[PDB]
>>> print(open('final.pdb').read())   # PDB, C-alpha atoms
ATOM      1  CA  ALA B   1      -0.036   4.615  27.456  1.00  0.00           C
ATOM      2  CA  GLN B   2       2.977   2.354  26.932  1.00  0.00           C
ATOM      3  CA  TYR B   3       5.422   5.215  26.414  1.00  0.00           C
ATOM      4  CA  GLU B   4       4.811   8.052  28.890  1.00  0.00           C
ATOM      5  CA  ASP B   5       6.468  11.429  29.207  1.00  0.00           C
ATOM      6  CA  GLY B   6       8.022  11.450  32.646  1.00  0.00           C
ATOM      7  CA  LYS B   7       8.547   7.699  32.489  1.00  0.00           C
ATOM      8  CA  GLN B   8      10.801   6.303  29.727  1.00  0.00           C
ATOM      9  CA  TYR B   9      11.655   9.800  28.604  1.00  0.00           C
ATOM     10  CA  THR B  10      11.227  13.392  29.620  1.00  0.00           C
ATOM     11  CA  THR B  11      10.486  16.431  27.505  1.00  0.00           C
ATOM     12  CA  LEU B  12      12.741  19.463  27.646  1.00  0.00           C
ATOM     13  CA  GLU B  13      10.678  22.460  28.775  1.00  0.00           C
ATOM     14  CA  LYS B  14      13.072  24.524  26.650  1.00  0.00           C
ATOM     15  CA  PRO B  15      13.576  22.576  23.350  1.00  0.00           C
ATOM     16  CA  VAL B  16      16.751  23.068  21.294  1.00  0.00           C
ATOM     17  CA  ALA B  17      16.467  24.255  17.694  1.00  0.00           C
ATOM     18  CA  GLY B  18      18.668  22.640  15.041  1.00  0.00           C
ATOM     19  CA  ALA B  19      19.785  19.830  17.352  1.00  0.00           C
ATOM     20  CA  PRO B  20      21.082  16.482  15.975  1.00  0.00           C
ATOM     21  CA  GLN B  21      18.447  13.785  15.478  1.00  0.00           C
ATOM     22  CA  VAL B  22      19.944  11.380  17.996  1.00  0.00           C
ATOM     23  CA  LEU B  23      22.592  12.844  20.253  1.00  0.00           C
ATOM     24  CA  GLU B  24      24.443  10.846  22.920  1.00  0.00           C
ATOM     25  CA  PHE B  25      26.815  12.306  25.531  1.00  0.00           C
ATOM     26  CA  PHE B  26      29.470  10.405  27.479  1.00  0.00           C
ATOM     27  CA  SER B  27      32.767  10.729  29.265  1.00  0.00           C
ATOM     28  CA  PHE B  28      35.646   8.214  29.239  1.00  0.00           C
ATOM     29  CA  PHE B  29      35.634   8.747  33.024  1.00  0.00           C
ATOM     30  CA  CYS B  30      31.985   7.820  33.459  1.00  0.00           C
ATOM     31  CA  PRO B  31      31.444   4.310  34.911  1.00  0.00           C
ATOM     32  CA  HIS B  32      27.896   3.868  33.558  1.00  0.00           C
ATOM     33  CA  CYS B  33      29.219   5.064  30.173  1.00  0.00           C
ATOM     34  CA  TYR B  34      31.727   2.205  30.262  1.00  0.00           C
ATOM     35  CA  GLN B  35      28.825  -0.166  30.877  1.00  0.00           C
ATOM     36  CA  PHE B  36      26.735   1.458  28.142  1.00  0.00           C
ATOM     37  CA  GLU B  37      29.471   1.204  25.632  1.00  0.00           C
ATOM     38  CA  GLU B  38      31.557  -1.828  26.521  1.00  0.00           C
ATOM     39  CA  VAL B  39      28.946  -4.193  28.023  1.00  0.00           C
ATOM     40  CA  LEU B  40      25.475  -3.062  26.848  1.00  0.00           C
ATOM     41  CA  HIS B  41      26.499  -1.643  23.429  1.00  0.00           C
ATOM     42  CA  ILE B  42      23.701   0.931  23.558  1.00  0.00           C
ATOM     43  CA  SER B  43      24.895   3.129  20.685  1.00  0.00           C
ATOM     44  CA  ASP B  44      25.155   0.134  18.441  1.00  0.00           C
ATOM     45  CA  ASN B  45      21.760  -1.257  19.336  1.00  0.00           C
ATOM     46  CA  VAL B  46      20.121   2.122  18.939  1.00  0.00           C
ATOM     47  CA  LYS B  47      21.623   2.254  15.417  1.00  0.00           C
ATOM     48  CA  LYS B  48      20.368  -1.071  14.269  1.00  0.00           C
ATOM     49  CA  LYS B  49      16.833   0.081  15.088  1.00  0.00           C
ATOM     50  CA  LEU B  50      16.819   3.681  13.898  1.00  0.00           C
ATOM     51  CA  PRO B  51      14.663   4.509  10.858  1.00  0.00           C
ATOM     52  CA  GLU B  52      16.249   5.433   7.530  1.00  0.00           C
ATOM     53  CA  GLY B  53      17.507   9.015   7.238  1.00  0.00           C
ATOM     54  CA  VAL B  54      18.149   9.362  10.970  1.00  0.00           C
ATOM     55  CA  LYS B  55      21.864   9.889  11.910  1.00  0.00           C
ATOM     56  CA  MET B  56      23.708   9.496  15.221  1.00  0.00           C
ATOM     57  CA  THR B  57      25.971  11.942  16.957  1.00  0.00           C
ATOM     58  CA  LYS B  58      28.065  11.172  20.036  1.00  0.00           C
ATOM     59  CA  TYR B  59      29.933  13.841  21.973  1.00  0.00           C
ATOM     60  CA  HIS B  60      32.338  13.784  24.881  1.00  0.00           C
ATOM     61  CA  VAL B  61      31.877  16.077  27.897  1.00  0.00           C
ATOM     62  CA  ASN B  62      34.215  18.199  30.013  1.00  0.00           C
ATOM     63  CA  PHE B  63      32.648  18.047  33.451  1.00  0.00           C
ATOM     64  CA  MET B  64      34.268  14.795  34.618  1.00  0.00           C
ATOM     65  CA  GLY B  65      37.962  14.184  35.164  1.00  0.00           C
ATOM     66  CA  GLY B  66      39.264  17.749  35.246  1.00  0.00           C
ATOM     67  CA  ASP B  67      42.195  18.551  33.013  1.00  0.00           C
ATOM     68  CA  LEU B  68      42.442  15.043  31.526  1.00  0.00           C
ATOM     69  CA  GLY B  69      38.696  15.248  30.976  1.00  0.00           C
ATOM     70  CA  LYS B  70      39.106  18.203  28.586  1.00  0.00           C
ATOM     71  CA  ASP B  71      42.018  16.514  26.855  1.00  0.00           C
ATOM     72  CA  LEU B  72      39.661  13.629  26.193  1.00  0.00           C
ATOM     73  CA  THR B  73      37.022  15.952  24.727  1.00  0.00           C
ATOM     74  CA  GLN B  74      39.708  17.266  22.403  1.00  0.00           C
ATOM     75  CA  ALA B  75      40.916  13.697  21.634  1.00  0.00           C
ATOM     76  CA  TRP B  76      37.365  12.691  20.802  1.00  0.00           C
ATOM     77  CA  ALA B  77      37.205  15.667  18.394  1.00  0.00           C
ATOM     78  CA  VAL B  78      40.379  14.215  16.824  1.00  0.00           C
ATOM     79  CA  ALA B  79      38.623  10.843  16.735  1.00  0.00           C
ATOM     80  CA  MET B  80      35.645  12.318  14.894  1.00  0.00           C
ATOM     81  CA  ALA B  81      37.781  14.410  12.560  1.00  0.00           C
ATOM     82  CA  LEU B  82      39.793  11.360  11.500  1.00  0.00           C
ATOM     83  CA  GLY B  83      36.838   8.952  11.561  1.00  0.00           C
ATOM     84  CA  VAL B  84      38.553   6.556  13.930  1.00  0.00           C
ATOM     85  CA  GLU B  85      35.968   6.405  16.724  1.00  0.00           C
ATOM     86  CA  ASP B  86      35.523   2.623  16.332  1.00  0.00           C
ATOM     87  CA  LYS B  87      39.237   2.102  16.807  1.00  0.00           C
ATOM     88  CA  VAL B  88      39.919   4.220  19.882  1.00  0.00           C
ATOM     89  CA  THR B  89      36.704   4.006  21.893  1.00  0.00           C
ATOM     90  CA  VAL B  90      37.556   0.639  23.475  1.00  0.00           C
ATOM     91  CA  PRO B  91      41.235   1.387  24.281  1.00  0.00           C
ATOM     92  CA  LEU B  92      40.298   4.804  25.699  1.00  0.00           C
ATOM     93  CA  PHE B  93      37.624   3.371  27.980  1.00  0.00           C
ATOM     94  CA  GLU B  94      39.913   0.555  29.171  1.00  0.00           C
ATOM     95  CA  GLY B  95      42.902   2.899  29.450  1.00  0.00           C
ATOM     96  CA  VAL B  96      41.029   5.265  31.722  1.00  0.00           C
ATOM     97  CA  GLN B  97      38.869   2.823  33.727  1.00  0.00           C
ATOM     98  CA  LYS B  98      40.312  -0.687  33.408  1.00  0.00           C
ATOM     99  CA  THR B  99      44.091  -0.487  33.284  1.00  0.00           C
ATOM    100  CA  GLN B 100      44.264   3.158  34.447  1.00  0.00           C
ATOM    101  CA  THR B 101      47.222   3.735  32.146  1.00  0.00           C
ATOM    102  CA  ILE B 102      45.895   6.993  30.738  1.00  0.00           C
ATOM    103  CA  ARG B 103      47.176   9.810  32.944  1.00  0.00           C
ATOM    104  CA  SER B 104      48.256  12.456  30.451  1.00  0.00           C
ATOM    105  CA  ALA B 105      47.595  13.812  26.986  1.00  0.00           C
ATOM    106  CA  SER B 106      50.667  11.853  25.870  1.00  0.00           C
ATOM    107  CA  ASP B 107      49.073   8.624  27.140  1.00  0.00           C
ATOM    108  CA  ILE B 108      45.939   9.469  25.174  1.00  0.00           C
ATOM    109  CA  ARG B 109      48.084   9.998  22.117  1.00  0.00           C
ATOM    110  CA  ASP B 110      49.722   6.577  22.612  1.00  0.00           C
ATOM    111  CA  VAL B 111      46.292   4.971  22.290  1.00  0.00           C
ATOM    112  CA  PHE B 112      45.849   6.482  18.840  1.00  0.00           C
ATOM    113  CA  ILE B 113      49.385   5.496  17.763  1.00  0.00           C
ATOM    114  CA  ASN B 114      48.774   1.926  18.926  1.00  0.00           C
ATOM    115  CA  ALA B 115      45.521   2.022  16.942  1.00  0.00           C
ATOM    116  CA  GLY B 116      47.493   2.861  13.816  1.00  0.00           C
ATOM    117  CA  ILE B 117      47.046   6.611  13.507  1.00  0.00           C
ATOM    118  CA  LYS B 118      50.416   8.124  12.544  1.00  0.00           C
ATOM    119  CA  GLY B 119      51.902  10.587  15.019  1.00  0.00           C
ATOM    120  CA  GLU B 120      52.250  13.419  12.521  1.00  0.00           C
ATOM    121  CA  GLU B 121      48.601  12.885  11.536  1.00  0.00           C
ATOM    122  CA  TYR B 122      47.403  12.815  15.144  1.00  0.00           C
ATOM    123  CA  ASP B 123      49.389  15.935  16.141  1.00  0.00           C
ATOM    124  CA  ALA B 124      48.326  17.870  13.058  1.00  0.00           C
ATOM    125  CA  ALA B 125      44.707  17.034  13.804  1.00  0.00           C
ATOM    126  CA  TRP B 126      45.073  17.750  17.533  1.00  0.00           C
ATOM    127  CA  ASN B 127      46.391  21.259  16.788  1.00  0.00           C
ATOM    128  CA  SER B 128      43.996  21.979  13.908  1.00  0.00           C
ATOM    129  CA  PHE B 129      41.191  24.569  13.825  1.00  0.00           C
ATOM    130  CA  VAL B 130      38.818  21.990  12.394  1.00  0.00           C
ATOM    131  CA  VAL B 131      39.317  20.080  15.670  1.00  0.00           C
ATOM    132  CA  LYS B 132      38.882  23.284  17.724  1.00  0.00           C
ATOM    133  CA  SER B 133      35.486  23.899  16.073  1.00  0.00           C
ATOM    134  CA  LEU B 134      34.595  20.235  16.674  1.00  0.00           C
ATOM    135  CA  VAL B 135      35.413  20.794  20.377  1.00  0.00           C
ATOM    136  CA  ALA B 136      33.174  23.876  20.224  1.00  0.00           C
ATOM    137  CA  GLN B 137      30.271  21.856  18.808  1.00  0.00           C
ATOM    138  CA  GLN B 138      30.558  19.305  21.630  1.00  0.00           C
ATOM    139  CA  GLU B 139      30.632  21.986  24.262  1.00  0.00           C
ATOM    140  CA  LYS B 140      27.733  23.884  22.686  1.00  0.00           C
ATOM    141  CA  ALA B 141      25.480  20.832  22.353  1.00  0.00           C
ATOM    142  CA  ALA B 142      25.996  19.992  26.030  1.00  0.00           C
ATOM    143  CA  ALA B 143      25.390  23.647  26.942  1.00  0.00           C
ATOM    144  CA  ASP B 144      22.164  23.748  24.917  1.00  0.00           C
ATOM    145  CA  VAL B 145      20.597  21.064  27.148  1.00  0.00           C
ATOM    146  CA  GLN B 146      22.104  22.153  30.467  1.00  0.00           C
ATOM    147  CA  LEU B 147      23.812  18.791  30.526  1.00  0.00           C
ATOM    148  CA  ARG B 148      24.800  17.747  34.027  1.00  0.00           C
ATOM    149  CA  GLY B 149      25.312  14.032  33.907  1.00  0.00           C
ATOM    150  CA  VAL B 150      26.268  11.231  31.604  1.00  0.00           C
ATOM    151  CA  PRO B 151      25.389   8.937  29.962  1.00  0.00           C
ATOM    152  CA  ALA B 152      22.562  10.854  28.258  1.00  0.00           C
ATOM    153  CA  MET B 153      20.685  10.643  24.985  1.00  0.00           C
ATOM    154  CA  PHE B 154      18.428  13.251  23.414  1.00  0.00           C
ATOM    155  CA  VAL B 155      16.155  12.854  20.429  1.00  0.00           C
ATOM    156  CA  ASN B 156      15.626  15.903  18.138  1.00  0.00           C
ATOM    157  CA  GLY B 157      16.509  18.360  20.893  1.00  0.00           C
ATOM    158  CA  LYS B 158      13.157  17.638  22.465  1.00  0.00           C
ATOM    159  CA  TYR B 159      13.207  14.409  24.452  1.00  0.00           C
ATOM    160  CA  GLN B 160      15.633  12.983  26.982  1.00  0.00           C
ATOM    161  CA  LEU B 161      15.893   9.240  27.524  1.00  0.00           C
ATOM    162  CA  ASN B 162      15.076   8.172  31.087  1.00  0.00           C
ATOM    163  CA  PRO B 163      16.635   4.688  31.544  1.00  0.00           C
ATOM    164  CA  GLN B 164      16.025   4.783  35.313  1.00  0.00           C
ATOM    165  CA  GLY B 165      12.438   3.934  34.530  1.00  0.00           C
ATOM    166  CA  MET B 166      13.382   0.457  33.192  1.00  0.00           C
ATOM    167  CA  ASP B 167      14.163  -3.136  34.354  1.00  0.00           C
ATOM    168  CA  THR B 168      17.890  -4.003  34.531  1.00  0.00           C
ATOM    169  CA  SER B 169      17.550  -7.667  35.640  1.00  0.00           C
ATOM    170  CA  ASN B 170      18.220  -8.845  32.110  1.00  0.00           C
ATOM    171  CA  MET B 171      20.884  -6.801  30.305  1.00  0.00           C
ATOM    172  CA  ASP B 172      19.529  -7.634  26.788  1.00  0.00           C
ATOM    173  CA  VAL B 173      15.963  -6.671  27.501  1.00  0.00           C
ATOM    174  CA  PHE B 174      17.010  -3.345  28.941  1.00  0.00           C
ATOM    175  CA  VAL B 175      19.040  -2.444  25.849  1.00  0.00           C
ATOM    176  CA  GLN B 176      16.215  -3.275  23.415  1.00  0.00           C
ATOM    177  CA  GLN B 177      13.712  -1.366  25.504  1.00  0.00           C
ATOM    178  CA  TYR B 178      16.153   1.530  25.422  1.00  0.00           C
ATOM    179  CA  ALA B 179      16.555   1.155  21.659  1.00  0.00           C
ATOM    180  CA  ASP B 180      12.805   0.722  21.012  1.00  0.00           C
ATOM    181  CA  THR B 181      12.193   3.886  23.050  1.00  0.00           C
ATOM    182  CA  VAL B 182      14.668   5.867  20.932  1.00  0.00           C
ATOM    183  CA  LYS B 183      12.947   4.568  17.772  1.00  0.00           C
ATOM    184  CA  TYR B 184       9.500   5.551  19.144  1.00  0.00           C
ATOM    185  CA  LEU B 185      10.767   9.028  20.046  1.00  0.00           C
ATOM    186  CA  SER B 186      12.273   9.268  16.589  1.00  0.00           C
ATOM    187  CA  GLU B 187       8.956   8.582  14.854  1.00  0.00           C
ATOM    188  CA  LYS B 188       7.281  11.201  17.014  1.00  0.00           C
TER
END
>>> encode(input="final.pdb", output="structure tokens")
Amino acid sequence: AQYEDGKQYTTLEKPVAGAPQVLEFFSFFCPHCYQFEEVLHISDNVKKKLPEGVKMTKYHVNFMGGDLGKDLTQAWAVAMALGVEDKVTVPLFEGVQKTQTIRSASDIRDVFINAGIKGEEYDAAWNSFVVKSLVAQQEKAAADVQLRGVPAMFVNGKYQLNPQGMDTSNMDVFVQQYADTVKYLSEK
């Protein structure tokens, strides 16, 4: 067939009940994640091809970058809680990987301030229980799939995208193949 289990995707032998429709995991420390997000724009191209009624979830992970890594999972919870993902994703990626100016939770906070989130509003969110449960959700979703590397995308808690089985000679073609595969898995 054109789409084959074990080729463009794999099937979880232990599927996850109640999982988000399209769930992507990343870390601001993850070099391929930087590519995916800043150069390939995977999330965005997946969106523009998803059917109607199918929503996207993106979670940060703890297992890269140690202590700052967990701070970033909590910052990403703040990002989701405030709905400012599209304002902090680029400066967080560049701050960690490009300029390497993010070394502490305070440096993470500066990114949000620079992006226009007021300090009081950031700190309130950071310390809130709504953010702690959002951190819990991220950790649980990763746990549910035994997540051990990023970037990763899962469709309906059943299928895992396998980009290694694709041509990377043209960046554009790879992205659309990736997106078309997510759409196919979504209409499964």
>>> resolve_selection(input="final.pdb", expression="the PyMOL selection byres ((chain B and resi 66-77) around 8)", output="mmCIF file with C-alpha atoms, in the coordinates of the input")
data_model
loop_
_atom_site.group_PDB
_atom_site.id
_atom_site.type_symbol
_atom_site.label_atom_id
_atom_site.label_comp_id
_atom_site.auth_asym_id
_atom_site.auth_seq_id
_atom_site.Cartn_x
_atom_site.Cartn_y
_atom_site.Cartn_z
ATOM 1 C CA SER B 27 32.767 10.729 29.265
ATOM 2 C CA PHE B 28 35.646 8.214 29.239
ATOM 3 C CA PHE B 29 35.634 8.747 33.024
ATOM 4 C CA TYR B 59 29.933 13.841 21.973
ATOM 5 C CA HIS B 60 32.338 13.784 24.881
ATOM 6 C CA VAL B 61 31.877 16.077 27.897
ATOM 7 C CA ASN B 62 34.215 18.199 30.013
ATOM 8 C CA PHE B 63 32.648 18.047 33.451
ATOM 9 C CA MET B 64 34.268 14.795 34.618
ATOM 10 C CA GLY B 65 37.962 14.184 35.164
ATOM 11 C CA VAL B 78 40.379 14.215 16.824
ATOM 12 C CA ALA B 79 38.623 10.843 16.735
ATOM 13 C CA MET B 80 35.645 12.318 14.894
ATOM 14 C CA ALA B 81 37.781 14.410 12.560
ATOM 15 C CA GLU B 85 35.968 6.405 16.724
ATOM 16 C CA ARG B 103 47.176 9.810 32.944
ATOM 17 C CA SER B 104 48.256 12.456 30.451
ATOM 18 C CA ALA B 105 47.595 13.812 26.986
ATOM 19 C CA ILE B 108 45.939 9.469 25.174
ATOM 20 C CA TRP B 126 45.073 17.750 17.533
ATOM 21 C CA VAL B 131 39.317 20.080 15.670
ATOM 22 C CA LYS B 132 38.882 23.284 17.724
ATOM 23 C CA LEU B 134 34.595 20.235 16.674
ATOM 24 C CA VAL B 135 35.413 20.794 20.377
ATOM 25 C CA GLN B 138 30.558 19.305 21.630
#
>>> atom_distance(input="final.pdb", atom1="atom CA of residue B:37", atom2="atom CA of residue B:166")
17.8 Å
>>> resolve_selection(input="final.pdb", expression="the PyMOL selection byres ((chain B and resi 42-51) around 8)", output="list in words")
residues 36, 37, 40, 41, 52, 53, 54, 56, 175, 176, 178, 179, 180, 182, 183 and 186 of chain B
>>> resolve_selection(input="final.pdb", expression="the PyMOL selection byres ((chain B and resi 97) around 8)", output="ChimeraX atom specification")
/B:28-29,31,34,93-96,98-100
>>> atom_distance(input="final.pdb", atom1="atom CA of residue B:154", atom2="atom CA of residue B:22")
5.9 Å
>>> closest_residue(input="final.pdb", among="B:113, B:155, B:2, B:35", to="residue B:84", atoms="only C-alpha atoms")
B:113
>>> residues_near_point(input="final.pdb", point="(11.5, 7.4, 30.2)", cutoff="10 Å", atoms="only C-alpha atoms", output="compact mmCIF listing (two decimals) with C-alpha atoms, in the coordinates of the input")
# COMPACT_ATOMS: atom_id res chain seq x y z
CA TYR B 3 5.42 5.22 26.41
CA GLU B 4 4.81 8.05 28.89
CA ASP B 5 6.47 11.43 29.21
CA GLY B 6 8.02 11.45 32.65
CA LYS B 7 8.55 7.70 32.49
CA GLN B 8 10.80 6.30 29.73
CA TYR B 9 11.66 9.80 28.60
CA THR B 10 11.23 13.39 29.62
CA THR B 11 10.49 16.43 27.50
CA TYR B 159 13.21 14.41 24.45
CA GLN B 160 15.63 12.98 26.98
CA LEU B 161 15.89 9.24 27.52
CA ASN B 162 15.08 8.17 31.09
CA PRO B 163 16.64 4.69 31.54
CA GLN B 164 16.02 4.78 35.31
CA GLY B 165 12.44 3.93 34.53
CA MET B 166 13.38 0.46 33.19
CA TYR B 178 16.15 1.53 25.42
CA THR B 181 12.19 3.89 23.05
CA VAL B 182 14.67 5.87 20.93
>>> residues_around(input="final.pdb", residues="residue B:88", least_positions_apart="6", cutoff="8 Å", atoms="all atoms listed in the file", output="PyMOL selection string")
chain B and resi 79+111-112+115
>>> atom_distance(input="final.pdb", atom1="atom CA of residue B:91", atom2="atom CA of residue B:127")
21.9 Å
>>> axis_aligned_box(input="final.pdb", around="stretch 48-61 of chain B", padding_each_side="3 Å", output="lines of an AutoDock Vina configuration file")
center_x = 23.5
center_y = 7.5
center_z = 17.6
size_x = 23.7
size_y = 23.1
size_z = 26.7
>>> build_atoms(input="final.pdb", residues="stretch 119-140 of chain B", atoms="N, CA, C and O atoms", output="compact mmCIF listing (two decimals), in the coordinates of the input")
# COMPACT_ATOMS: atom_id res chain seq x y z
N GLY B 119 51.68 9.48 14.11
CA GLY B 119 51.90 10.59 15.02
C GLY B 119 51.72 11.95 14.39
O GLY B 119 51.00 12.80 14.92
N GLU B 120 52.38 12.17 13.26
CA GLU B 120 52.25 13.42 12.52
C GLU B 120 50.78 13.75 12.21
O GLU B 120 50.36 14.91 12.24
N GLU B 121 50.00 12.71 11.92
CA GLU B 121 48.60 12.88 11.54
C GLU B 121 47.73 13.16 12.77
O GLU B 121 46.77 13.98 12.74
N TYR B 122 48.06 12.50 13.88
CA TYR B 122 47.40 12.82 15.14
C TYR B 122 47.70 14.25 15.62
O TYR B 122 46.78 14.99 15.99
N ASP B 123 48.97 14.63 15.62
CA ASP B 123 49.39 15.94 16.14
C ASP B 123 48.86 17.07 15.31
O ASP B 123 48.47 18.11 15.85
N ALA B 124 48.89 16.89 13.99
CA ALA B 124 48.33 17.87 13.06
C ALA B 124 46.85 18.09 13.34
O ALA B 124 46.37 19.21 13.40
N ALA B 125 46.13 16.98 13.50
CA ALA B 125 44.71 17.03 13.80
C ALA B 125 44.47 17.68 15.16
O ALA B 125 43.68 18.62 15.28
N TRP B 126 45.19 17.21 16.18
CA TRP B 126 45.07 17.75 17.53
C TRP B 126 45.19 19.28 17.58
O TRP B 126 44.44 19.95 18.31
N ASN B 127 46.10 19.83 16.77
CA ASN B 127 46.39 21.26 16.79
C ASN B 127 45.56 22.04 15.78
O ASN B 127 45.71 23.26 15.68
N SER B 128 44.72 21.35 15.01
CA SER B 128 44.00 21.98 13.91
C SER B 128 42.79 22.79 14.38
O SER B 128 42.24 22.54 15.47
N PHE B 129 42.38 23.76 13.56
CA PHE B 129 41.19 24.57 13.82
C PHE B 129 39.90 23.83 13.52
O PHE B 129 38.84 24.16 14.07
N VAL B 130 39.96 22.85 12.63
CA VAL B 130 38.82 21.99 12.39
C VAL B 130 38.50 21.22 13.68
O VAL B 130 37.34 21.10 14.06
N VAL B 131 39.53 20.71 14.37
CA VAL B 131 39.32 20.08 15.67
C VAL B 131 38.84 21.08 16.74
O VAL B 131 37.95 20.75 17.53
N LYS B 132 39.38 22.31 16.75
CA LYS B 132 38.88 23.28 17.72
C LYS B 132 37.38 23.59 17.52
O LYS B 132 36.64 23.76 18.51
N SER B 133 36.92 23.63 16.28
CA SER B 133 35.49 23.90 16.07
C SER B 133 34.66 22.65 16.43
O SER B 133 33.49 22.74 16.79
N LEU B 134 35.28 21.47 16.32
CA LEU B 134 34.60 20.24 16.67
C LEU B 134 34.45 20.16 18.21
O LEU B 134 33.43 19.71 18.72
N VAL B 135 35.47 20.63 18.92
CA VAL B 135 35.41 20.79 20.38
C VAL B 135 34.31 21.78 20.76
O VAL B 135 33.56 21.57 21.73
N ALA B 136 34.23 22.89 20.03
CA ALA B 136 33.17 23.88 20.22
C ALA B 136 31.78 23.28 20.09
O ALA B 136 30.91 23.55 20.90
N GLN B 137 31.56 22.49 19.03
CA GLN B 137 30.27 21.86 18.81
C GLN B 137 29.89 20.98 20.00
O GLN B 137 28.76 21.03 20.49
N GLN B 138 30.84 20.17 20.47
CA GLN B 138 30.56 19.30 21.63
C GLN B 138 30.17 20.10 22.84
O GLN B 138 29.19 19.76 23.54
N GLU B 139 30.93 21.15 23.11
CA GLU B 139 30.63 21.99 24.26
C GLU B 139 29.27 22.67 24.10
O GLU B 139 28.49 22.75 25.05
N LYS B 140 28.99 23.16 22.89
CA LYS B 140 27.73 23.88 22.69
C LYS B 140 26.52 22.97 22.83
O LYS B 140 25.50 23.36 23.42
